[PDB]
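# Topology and contacts: notes
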Amino acid sequence: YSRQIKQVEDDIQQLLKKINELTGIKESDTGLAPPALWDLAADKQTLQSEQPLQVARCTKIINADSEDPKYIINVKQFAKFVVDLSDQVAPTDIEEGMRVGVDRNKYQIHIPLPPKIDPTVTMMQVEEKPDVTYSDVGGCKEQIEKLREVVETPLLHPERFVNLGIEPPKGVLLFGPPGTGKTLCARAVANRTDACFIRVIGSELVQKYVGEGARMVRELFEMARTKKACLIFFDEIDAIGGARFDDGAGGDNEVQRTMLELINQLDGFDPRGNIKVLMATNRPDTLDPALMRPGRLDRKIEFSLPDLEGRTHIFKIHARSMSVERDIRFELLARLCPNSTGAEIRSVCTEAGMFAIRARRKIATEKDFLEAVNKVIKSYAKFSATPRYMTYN
Amino acid sequence: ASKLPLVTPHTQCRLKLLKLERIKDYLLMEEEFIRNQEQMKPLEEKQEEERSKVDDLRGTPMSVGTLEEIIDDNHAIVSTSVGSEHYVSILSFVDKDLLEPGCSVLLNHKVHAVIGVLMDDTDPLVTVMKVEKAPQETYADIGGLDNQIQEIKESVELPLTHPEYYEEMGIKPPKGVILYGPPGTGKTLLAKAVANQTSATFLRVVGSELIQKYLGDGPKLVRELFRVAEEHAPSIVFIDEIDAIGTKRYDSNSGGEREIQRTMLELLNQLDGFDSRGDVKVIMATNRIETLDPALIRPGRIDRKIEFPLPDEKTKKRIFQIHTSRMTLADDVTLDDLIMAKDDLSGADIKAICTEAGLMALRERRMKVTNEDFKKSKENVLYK
Amino acid sequence: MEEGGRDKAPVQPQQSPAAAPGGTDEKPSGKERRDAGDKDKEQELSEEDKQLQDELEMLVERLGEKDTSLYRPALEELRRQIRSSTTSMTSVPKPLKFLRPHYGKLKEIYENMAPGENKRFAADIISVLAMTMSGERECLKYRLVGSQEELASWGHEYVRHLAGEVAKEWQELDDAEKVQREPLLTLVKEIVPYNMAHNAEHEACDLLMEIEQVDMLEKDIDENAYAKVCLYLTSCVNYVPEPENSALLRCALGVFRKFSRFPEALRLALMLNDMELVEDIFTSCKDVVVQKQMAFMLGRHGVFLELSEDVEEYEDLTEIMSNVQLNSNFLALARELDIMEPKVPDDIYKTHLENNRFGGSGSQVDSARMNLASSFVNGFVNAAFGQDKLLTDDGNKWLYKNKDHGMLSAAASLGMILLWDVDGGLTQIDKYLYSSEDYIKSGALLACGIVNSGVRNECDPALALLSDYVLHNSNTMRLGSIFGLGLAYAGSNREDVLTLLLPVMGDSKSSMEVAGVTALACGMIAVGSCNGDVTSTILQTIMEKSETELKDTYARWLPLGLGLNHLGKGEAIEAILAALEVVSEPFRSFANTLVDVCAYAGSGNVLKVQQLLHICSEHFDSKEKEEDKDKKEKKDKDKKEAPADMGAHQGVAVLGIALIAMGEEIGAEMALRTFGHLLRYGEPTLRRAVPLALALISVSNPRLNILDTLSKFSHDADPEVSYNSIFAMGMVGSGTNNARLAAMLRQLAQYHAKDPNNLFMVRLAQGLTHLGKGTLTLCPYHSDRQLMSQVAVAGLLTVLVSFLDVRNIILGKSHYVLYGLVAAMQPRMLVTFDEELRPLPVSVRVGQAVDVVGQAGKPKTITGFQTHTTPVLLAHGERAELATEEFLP
Amino acid sequence: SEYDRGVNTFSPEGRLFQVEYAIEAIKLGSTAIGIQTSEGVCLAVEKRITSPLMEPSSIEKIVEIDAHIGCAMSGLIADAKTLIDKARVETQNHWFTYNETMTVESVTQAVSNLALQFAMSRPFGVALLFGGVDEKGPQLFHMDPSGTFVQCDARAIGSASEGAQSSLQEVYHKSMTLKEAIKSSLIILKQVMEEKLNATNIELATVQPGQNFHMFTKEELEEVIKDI
Amino acid sequence: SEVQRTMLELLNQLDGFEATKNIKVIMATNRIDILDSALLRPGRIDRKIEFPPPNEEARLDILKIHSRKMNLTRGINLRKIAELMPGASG
Ligand SMILES: Nc1ncnc2c1ncn2[C@@H]1O[C@H](COP(=O)(O)OP(=O)(O)OP(=O)(O)O)[C@@H](O)[C@H]1O
Ligand SMILES: Nc1ncnc2c1ncn2[C@@H]1O[C@H](COP(=O)(O)OP(=O)(O)OP(=O)(O)O)[C@@H](O)[C@H]1O
């Protein structure tokens with residue numbers, strides 16, 4: 001029966017592997033889907049892609065003209081010339097900085113004109129929220145509430161602000177200890193939001209050429225203002241601009257232009273309006289004062305290292321999953337690691353679990369947590385990344 | 001594909017016989033209905049003649065376009081190779097699922113409508129960055145250490161071979177691992193050994209070639225490096241000699257240490273990207289660890305730090321037995337004298353000594369080594 | 001290689017047996033002692049399962065075949081002395097000595113005669129000498145003998161004793177893993193007469209081990225998932241005494257009683273309810289047993305406890321069964337109101353604020369049908385015990401503005417408000433019973449029905465208010481006068497008020513819409529094996545519907561009154577008793593596709609599956625039987641709701657490759673209705689597959705069907721990322737899918753998820769997977785939901801209030817004697833392990849742990865930690881008493 | 001940069017940050033508890049032993065300032081050694097000049113005067129708790145590395161100081177006897193020590209109006225441990 | 001010094017990670033004391049070879065192999081010409 005186990009199943013599962021393949025006769029795509037669903041509309045609704053609709057390639061509007069339409073059209077570089085396109089739409093949708101689907105001989109209007117932007121910024125929207133909440137971020141509760149009344153009630157009911165006649169704050173900086181802090185609560189913010197959440201990492205804005213970063217900042221602000229309200233996240237603004245310190249030969253101008261132009265874009269001359277932005281960095285002392293101006297940096301969320309209560313709370317947060325002999329001494333563990341950061345604490349619980357699974361155990365003990373903490377905080381104490389960065393220098 | 005997962009019974013049982021009979025009967029009615037669909041409704045034949053009509057509707061050449069935007073309703077703007085973009089239609093059979101911006105698409109030659117998507121013809125640097133075959137001997141080849149071996153098996157090999165222990169632990173395996181120590185102790189080889197052992201896809205590039213001749217190309221380079229790392233498999237990525245990026249300056253770079261700092265901030269983002277990372281594991285190796293920025297070394301970005309000490313003499317004799325195993329040695333030689341022949345010797349040193357002794361024996365066409373071969377080997381190899 | 005010299009066993013056990021004429025004759029010392037030495041050497045060395053090439057099991061037999069061909073198949077002078085010491089070497093390595101068709105001659109070596117017993121020298125074996133021997137014997141020899149004549153001379157009684165001893169062998173060799181092979185071998189022998197082996201093994205497993213009554217138990221239930229026709233019937237009914245005789249668990253008696261009641265007989269779990277009255281052990285588990293007895297899957301049990309009002313704690317047992325003992329309503333006022341749920345959230349409608357500035361100008365929606373959706377805006381959110389004090393004013397003035405059907409709609413949506421609040425809800429509905437509009441008054445009568453759905457109150461306020469309207473002169477109060485009453489009195493299957501609504505079929509008035517929904521309401525109380533309901537419908541069908549068979553209002557509701565409630569019972573004679581008298585004309589044989597599967601809720605009947613498919617797949621019938629092929633596929637969505645999660649995989653496989661792949665009007669109109677019932681949690685397979693046919697509406701069909709495909713796509717679990725797609729469906733739904741026919745439909749889809757963002761169970765997977773109700777209200781909802789103007793004028797009678805048989809969502813609770821404990825629980829993923837090892841975890845996702853109520857959801861098997869000494873049921877069902885003590889936790 | 005911590009740099013806003021770093025560094029030491037009652041003053045420290053090799057007698061924190069004043073130790077012990085030596089010699093020369101015993105406030109003010117003086121280049125990583133009796137009765141003074149000395153009736157310093165201070169707020173009042181105060185202090189010490197209480201796991205001292213500086217109640221404290 | 005860094009990535013590529021044999025690297029340079037310590041691990045470089053300035057015999061031989069290809073005259077005594085130059089280079 002045991003060595004004879006392999007005599008019943010094979011006789012039917014090999015036959016299964018025959019008929020499933022025999023049904024699987026719509027495959028080998030290399031640029032297709034199952035053609036019963038790919039070419040599910042392989043009827044005449046294929047021919048109507050040909051004779052009703054014709055090419056209608058892209059175009060670019062240049063200038064208007066008086067009375068009868070006679071607008072001027074760029075293709076991309078092909079030719080630069082003046083026609084009247086057609087008459088199936090009222091001549092009020094034509095504004096400079098727009099793209100119509102225009103033929104080569106008839107020049108049909110086809111569709112109204114959408115703006116053209118970089119595909120990179122379209123990719124740059126994340127449209128995915130990480131599975132982190134506002135509950136599993138503990139140790140920074142007053143930082144939590146300070147960011148709660150930045151990205152909620154403007155997104156929720158505005159009648160309170162209208163009733164008090166108060167415009168909500170716009171420029172908010174969130175900052176904390178290096179390494180532990182703003183990033184994961186930013187994922188929580190993106191989890192709890194509803195409108196778009198445009199990511200910006202500061203290192204990617206630098207380009208091979210000069211001034212392109214200004215162009216993509218303009219494009220991202222344009223596609224943001226297509227929405228009623230949309231969230232902007234900024235990471236590591238220290239590299240995207242420190243200060244204007246030029247001396248002799250030009251130094252780091254290529255990023256300076258980008259930071260100053262975004263400074264021009266945030267303040268003055270009909271701003272974004274209903275767009276909420278936020279930035280987080282690693283060192284705040286090196287930022288430019290003009291970027292530090294309120295109206296772009298109104299709120300100043302600063303996270304510090306938790307004293308004891310935040311440490312106990314994060315010990316609760318990461319360690320509701322591992323096996324223990326019921327009783328714990330998490331508060332004395334927190335007392336054992338006074339100047340310790342949150343990801344360090346999660347690393348401590350991780351290594352405690354690793355020590356438990358060393359030979360055969362299934363539940364870690366208090367001395368296992370001791371064996372975690374001593375070989376984390378006071379055996380890897382040589383680097384620890386803290387001391388030159390608690391001064392942020 | 002994706003029929004049903006069930007491996008629970010694996011025995012002579014109705015919990016297997018019942019399942020197999022029901023599924024084979026399900027395949028039976030599937031076969032009977034598909035026999036229905038081309039017997040009393042053959043049309044012409046309806047299997048490949050429809051494909052033939054599509055292929056006729058497909059143009060003979062490929063006016064290959066680049067995708068830059070999407071519109072849902074069976075058309076979009078595509079950019080031609082010459083640069084004059086078009087707002088062509090799509091095909092019903094254009095399989096509108098694997099469409100992505102910046103991708104090659106088969107268009108018509110006359111109306112240039114989106115006929116289909118084009119599979120990428122591989123990629124240049126994925127071939128360069130991917131190690132093809134297993135390098136050399138497995139963990140039996142190191143000898144002497146026997147401690148960091150268990151640790152790195154626990155952090156890397158153990159999650160793959162035993163994806164059960166952490167489940168009853170309810171815990172996450174460690175993510176980032178630094179190997180450090182004096183040079184020549186066996187970091188990039190320990191790298192070779194773990195590359196041999198693993199079955200996952202392996203990536204390797206040294207930090208020295210992370211410098212580049214323009215602005216932003218380094219951060220961009222790291223970006224699609226990790227993009228290739230994510231898009232293939234559960235993968236292990238190995239960077240060696242990271243400290244070079246902070247120590248050795250150059251003039252080929254357009255920007256100085258500033259662009260280096262920008263690359264550093266990008267990779268600090270990349271190790272702790274708030275976007276969903278997944279099952280990508282990270283192994284580092286660097287001798288001069290103190291010159292690195294310590295925020296790279298942090299928990300959450302780096303979980304383990306492993307020191308590689310200078311070998312002990314009882315480990316030295318183990319290396320002597322390991323490396324001189326396959327070679328023919330005469331009785332006149334002694335490893336014990338050569339153990340303390342240098343106070344400060346490395347594992348590269350002994351291999352270089354034995355290889356030089358081999359070539360010195362090859363000078364006189366001799367098959368076996370003698371003691372004077374090592375006695376003349378030591379000053380040639382070490383002493384200059 | 002190394003062979004020769006050390007081959008002593010291929011020499012001396014090769015020379016002696018080859019000279020079997022020289023051994024048995026003229027050398028009796030050799031034939032006895034050398035065979036005894038071969039026996040006691042091989043039985044210790046070559047008779048344990050170590051490898052294929054054993055030293056005598058494979059090695060000596062290379063020549064040993066000619067040592068075996070004439071050693072003892074032919075001696076012709078056999079005695080007692082040469083059956084213990086001559087059936088001594090050749091009996092052991094015979095399945096590898098002989099070829100595969102040794103099954104016929106399996107008797108000739110070992111099964112001839114053992115030296116006393118098989119276990120005498122089978123004790124040093126693992127699987128081969130006796131276990132494989134018994135497997136082959138019961139698989140083929142006992143099968144062929146017991147096929148027609150079990151006891152001829154020998155192959156029964158010795159086989160009976162052999163089965164008896166191997167029944168203990170499956171545990172004594174190792175009581176860890178191959179104990180589950182005892183049901184394997186018990187099912188292999190006498191498959192159809194499984195009871196004959198089951199009674200043999202029953203008391204043996206009862207005397208086997210007290211703690212071993214659980215792995216064989218779950219192996220039995222896994223085999224009881226599906227089997228042959230009589231096989232599951234006998235297996236479950238013999239399975240029922242197992243958690244009672246040896247094990248004193250006795251709380252799975254309810255679910256086993258359910259599994260044994262409807263397939264086997266009618267009053268089988270009624271006898272088990274009597275047995276529940278017998279097993280008056282400690283009352284916590286008793287009360288938890290009767291927790292299931294009304295308000296989880298089935299009720300109607302209020303007469304079996306008042307035996308001269310003598311049952312101990314009768315008054316508490318009745319308050320539990322009745323669902324009137326607010327264990328989910330006090331829960332409702334205490335759990336989610338006090339944490340996250342306000343009375344007036346009202347946001348998903350108000351979430352439609354972002355999309356107005358995409359595509360240009362906004363506020364283009366100016367239709368009136370969208371106000372119907374506004375009903376659900378105060379309707380769907382008001383589930384789970386909210387309140388709208390004059391927040392139905394948008395519905396109030398609209399109830400004084402237009403749309404008679406909309407007045408009925410709002411007044412019926414009021415009954416969704418106060419679901420299960422029988423004592424407070426009547427006072428809120430009272431203000432409408434006094435309306436000058438028949439639509440508002442009828443909707444208030446339907447609201448009184450909805451409030452009582454699944455709750456048996458001693459004052460009968462549904463029957464007592466709705467009775468006076470059942471035969472009312474008009475229709476608003478006449479037609480809608482009865483729908484709520486069946487909803488109120490569905491599980492409490494009371495025949496007295498059923499007789500009161502019987503003459504509505506006998507009214508013989510023009511009730512083309514009304515008599516159909518009367519069959520819905522009567523079947524809602526009772527369908528299947530219903531004496532008066534079957535007769536009244538079939539006679540009225542001949543009286544009017546025989547001379548006119550035109551529109552689906554006629555014969556899609558009277559077939560629903562025949563057997564939908566008794567769809568669990570699969571004797572199929574209710575199909576015979578309901579169809580064979582009405583097989584007259586094709587539109588009257590149109591209901592035969594209903595009645596055939598109206599005994600086929602859930603089982604394994606792939607043969608009955610394929611006959612509903614192959615005989616009527618498409619056939620190009622050209623508008624005469626095509627709708628009946630639609631109904632057959634609409635009767636293919638069931639039998640797959642709980643196919644041990646197995647037929648769903650092939651079901652979604654065949655649906656993709658048949659209907660939408662290459663189909664017809666069958667696959668173009670109601671193909672996606674199977675997905676509308678198949679899953680209720682939502683997985684990314686169909687969550688992407690449906691919008692392929694939904695977001696691309698393909699309006700060549702009467703797109704309301706695709707809209708109905710979009711609408712019932714919201715069958716999934718309430719919290720999801722799926723909001724964004726159906727919000728993006730709102731983007732395409734602004735211009736396309738016009739407000740004149742779809743505006744109420746799309747918005748209904750988003751709020752289907754965000755009802756009480758919880759409180760959903762009609763999936764028919766109760767406890768772990770078990771059945772109960774969940775269909776008598778669900779099946780009407782999609783049956784009348786084709787595409788056409790049925791869902792607009794006549795659908796609004798029901799489509800708002802069709803399915804209100806939801807019975808909670810959450811389970812993780814405490815329910816102490818003080819009913820306020822906060823004992824530490826631990827949520828975890830659904831059970832994945834069936835037969836792996838003794839310390840198998842029940843689940844895998846062990847990370848997150850609360851101690852207070854949360855979301856049970858579909859794919860979860862919350863048990864909890866800390867070992868709080870909760871021996872009450874340990875089988876889930878949300879009302880564990882937690883009889884706390886200290887078993888050293 | 002390194003010029004930021006040159007000698008004397010306050011803050012972007014606020015006082016000197018390096019003395020604040022001494023304040024956070026004082027939590028990296030064994031705790032101490034002190035109670036001032038009219039019946040007497042009680043002090044208790046944790047030995048914080050790591051192995052049974054070294055003798056607990058050499059593990060010394062509590063010392064005698066003079067015959068009527070004692071004190072504990074916290075933070076860096078070698079930093080405490082200089083301050084204790086100077087306090088002893090200033091008390092002795094004050095007795096020499098002034099032929100009398102002083103108040104605890106004079107000693108506390110003197111060590112506060114030395115605390116700011118920068119041995120230079122950093123504040124001392126030590127916080128002391130002076131306790132004893134003088135002409136006005138029992139006295140207990142708390143001192144910090146910033147030098148701001150202050151009087152306290154009950155105090156807990158070192159690691160885990162704030163939880164012990166919270167329990168002191170819970171249990172301490174005015175009319176507690178010396179035995180009651182000692183028992184409460186030992187109770188709180190028991191719930192804040194990570195290891196089981198042993199004979200040499202901790203250390204206790206007391207000052208009475210009648211008796212002089214007590215000799216650490218050695219081998220008598222097992223009576224007040226075993227009873228509770 | 002970019003020559004040295006190229007030797008870094010090449011030599012760490014050819015250490016077992018590659019699969020195609022029969023590939024080796026040759027380096028020509030001067031003043032070996034100036035190159036980095038990275039190439040100075042004895043396992044990095046298999047062989048290092050010095051080229052001395054030519055002496056009298058080497059100078060004469062190089063003079064011969066270059067004077068092979070001109071229209072000379074019978075009787076030269078290139079030994080004198082070689083010893084005239086004090087060995088500049090080859
Ligand atoms: N309040 C908190 N509760 C629990 N974990 C926290 C908390 N704050 C931070 N963490 C931990 O911080 C780690 C990551 O920190 P995060 O990346 O968000 O910080 P940061 O300051 O933005 O730095 P960086 O992005 O450069 O790593 C996570 O492992 C998370 O568990
Ligand atoms: N313990 C050892 N035994 C034998 N050889 C060793 C040992 N450690 C290092 N080596 C030698 O070191 C050389 C390089 O190995 P590896 O790639 O692991 O880097 P490494 O030893 O850290 O030195 P490097 O940084 O100079 O490349 C190999 O030729 C190998 O023989």
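Calculation rules
Residues numbered from 1 in each chain as written, not as in the entry; some residues may be left out. Chains lettered and ligands numbered in written order. Part of a larger assembly, values for the part shown. Heavy atoms only, no water. Residues with missing side-chain atoms left out of burial classes, pairs and counts. UniProt positions renumbered as here; feature names shortened; annotations may be inferred. Contact = heavy atoms within 4.5 Å. Helix = DSSP H or I, 4+ residues; strand = E, 2+ residues; numbered from the N terminus. Nonpolar A, V, L, I, M, F, W, Y, C, P; charged D, E, K, R; others polar. Near = heavy atom within 4 Å. Polar contact = N/O pair within 3.5 Å; in protein donor to acceptor, adjacent residues only side chain to side chain. Pairing = 2+ DSSP bridges. Axes fitted to C-alpha atoms, helices over the stretch in contact; angles between N-to-C directions. Buried < 20%, exposed > 50% of the residue type's maximum accessible area, 1.4 Å probe, protein only. Salt bridge = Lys/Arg side-chain N within 4 Å of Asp/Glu carboxyl O. Buried area = accessible area lost by both parts, 1.4 Å probe. Areas by Shrake-Rupley, 256 points an atom, 1.4 Å probe, with all protein chains shown as cover. Parallel < 35°, antiparallel > 145°, perpendicular 65-115°, else oblique. Left-handed = near helix turned anticlockwise from the far one by under 90°.

- Under the PDB entry, the name given to chain D is Proteasome subunit alpha type-5, and the source organism is Homo sapiens.
- In the PDB, the entry goes by the title "The cryo-EM structure of 26S proteasome-Midnolin complex in the MA state".

- Going by the annotation in the PDB entry, the name recorded for chain A is 26S proteasome regulatory subunit 7, with Homo sapiens given as the source organism.
- In UniProt, chain A has this text filed under Subcellular location: "Cytoplasm".

## A closer look at the interface of chain B and chain A
- Taken together, the contacts link 73 residues of chain B with 83 residues of chain A.
- Top element by residues in the side of chain B that touches chain A is helix α1 (residues 14-37) of chain B. It accounts for 7 residues.
- Looking at the side of chain B that touches chain A residue by residue, the class counts come to 34 nonpolar, 15 polar and 24 charged.

## Description of the site of ligand 1
- Taken together, 14 residues surround ligand 1, and among them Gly138, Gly179, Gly181, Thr183 and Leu184 of chain A come closest.
- Around ligand 1, the nearby residues trace back to chains A and B.
- At 2.6 Å from an oxygen atom of ligand 1 is found a main-chain nitrogen or oxygen belonging to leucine 184 of chain A.
- Separating an oxygen atom of ligand 1 from a side-chain N or O atom of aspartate 272 of chain B is a distance of 3.0 Å.

## Re the sheet that holds strand β1 (residues 60-63) of chain A
Residues and elements named next belong to chain A.
- With respect to topology, 3 strands assemble into an open sheet ordered β1-β2-β3, the strand pairing being antiparallel. Strand pairing shows two members of the sheet lacking a second neighbour, β1 and β3 (80-83), which therefore form its edges. Each adjacent strand pair in this sheet contributes to an overall mean axis angle of 40°, direction not counted.
- As paired elements, strand β2 (residues 71-74) and β3 share 4 bridges and run antiparallel to each other.

## Some points on the pairing of strand β5 (residues 129-134) of chain D
All names here are of chain D.
- Burial runs high along β5: 6 of the 6 residues are buried.
- Taking every second residue as pointing to the same face, both faces of β5 are buried, with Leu129, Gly131 and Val133 on one and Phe130, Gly132 and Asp134 on the other.
- Inspection of the sheet shows strand β4 (residues 69-71) paired to β5 by 3 bridges, in the antiparallel sense. Of the residues in β5, the one forming a bridge with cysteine 71 is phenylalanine 130.
- Pairing of β5 with strand β6 (residues 137-142), which is carried by 6 bridges, proceeds in the antiparallel orientation. Each bridged residue has a counterpart across the sheet, and for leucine 129 the counterpart in β6 is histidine 142.
- The antiparallel hairpin formed by β5 and β6 contains 2 residues in its connecting segment.

## Let's talk about the pattern of salt bridges
- For the coordinates displayed, the defined rule picks out 42 salt bridges over all chains.
- For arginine 358 of chain A, the salt bridge is made with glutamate 154 of chain B, and the minimal N-O distance between the two is 2.7 Å. Remark: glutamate 154 of chain B occurs in helix α4 (residues 148-161) and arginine 358 of chain A occurs in the loop between α11 (342-356) and α12 (366-374); the pair is interchain, linking two chains.
- Of the charged contacts, one joins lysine 178 of chain C and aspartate 174 of chain C as a salt bridge, the two residues approaching to 3.9 Å between their closest N and O atoms.

## Points about the interface of chain D and chain A
- Facing 11 residues of chain D, the contacting portion of chain A comprises 9 residues.
- At the boundary of chain D with chain A, total buried surface from both sides reaches about 790 Å², with 47% on carbon and sulfur atoms.
- Our enumeration of links across chain D and chain A arrives at 3 residue pairs in polar contact.
- Residue contributions to the side of chain D that touches chain A peak at 3 residues, all from helix α5 (residues 178-192) of chain D.
- Here the side of chain D that touches chain A is built from residues that sort into 4 nonpolar, 2 polar and 5 charged.

## Brief notes about the sheet that holds β4 of chain D
Residue and element names in this part refer to chain D.
- If you walk across this open sheet you meet the 5 strands as β3-β4-β5-β6-β7, and the pairing is antiparallel. Here the strands that pair on one side only, and so sit at the sheet edges, are β3 (63-66) and β7 (150-151).
- Its contacts with the sheet place helix α3 (residues 104-116) against β3, β4, β5 and β6, and it is angled at close to 155° to β5.

## Remarks on the site of ligand 2
- Taken together, 15 residues sit near ligand 2, with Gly186, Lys187, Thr188, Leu189 and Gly347 of chain B positioned nearest.
- Among the chains of the assembly, those with residues near ligand 2 are chains B and E.
- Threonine 185 of chain B places a polar main-chain atom, nitrogen or oxygen, 3.0 Å from a nitrogen atom of ligand 2.
- In the model, an oxygen atom of ligand 2 is placed 2.9 Å from a nitrogen or oxygen of the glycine 186 of chain B main chain.
- A total of 600 Å² of accessible area belongs to ligand 2 in isolation, and the protein chains cover 87% of it.

## Digging into the packing of helix α11 (residues 194-206) of chain C against helix α13 (residues 229-239) of chain C
Residues and elements named next belong to chain C.
- The N-to-C vectors of α11 and α13 enclose an angle of 20°; their axes lie 9 Å apart at closest approach. By the criterion of interaxial angle, the relationship of α11 to α13 is roughly parallel. Handedness of the α11/α13 crossing: right-handed. In this structure, α11 contributes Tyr194, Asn195, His198, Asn199 and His202 to the contact, and α13 contributes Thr234, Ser235, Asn238 and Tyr239.
- Along the lines of polarity and charge, the residues of the contact of α11 with α13 split into 2 nonpolar, 7 polar and no charged.

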